[PDB]
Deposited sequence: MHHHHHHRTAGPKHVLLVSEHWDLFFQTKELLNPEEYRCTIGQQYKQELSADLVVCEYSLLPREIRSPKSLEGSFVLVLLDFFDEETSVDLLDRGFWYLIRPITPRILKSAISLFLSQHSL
């Protein structure tokens, strides 16, 4: 079972997403601060680092997007639903 760490305060997104993932294949946990895949809220992502991760953004901003991609991070911009996040987690870890 691959380990997915969600770093977010969106508790409902964590629980509804985890419910959609087969626990024999994915083990989801939650964290307060910044695993096979880390999903991290932009608001909790340190500004000072490059990716060794999927980043969640509330809003579109061109500079923010360019900065994240250059630093090695893909992202989704809200709305982000449990079905979207479940399918994204699956696609990332299938590669």
If I number the deposited sequence starting at 1, which residue ranges have no C-alpha coordinates at all? 1-11, 46-50, 69-75, 119-121
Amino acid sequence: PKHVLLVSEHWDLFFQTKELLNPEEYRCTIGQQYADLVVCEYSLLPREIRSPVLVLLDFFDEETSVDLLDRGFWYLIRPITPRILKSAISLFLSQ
From here on, numbers count along this sequence of modelled residues.
Per the entry, where is the mean C-alpha temperature factor higher: 84-92 or 2-10? 2-10
Which is higher on mean Cα B factor in this entry, 65-73 or 22-30? 22-30
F59: CA B-factor among chain residues, third -> highest
Going by the CA temperature factor in the PDB record, which third of the chain does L37 belong to: lowest, middle or highest? lowest
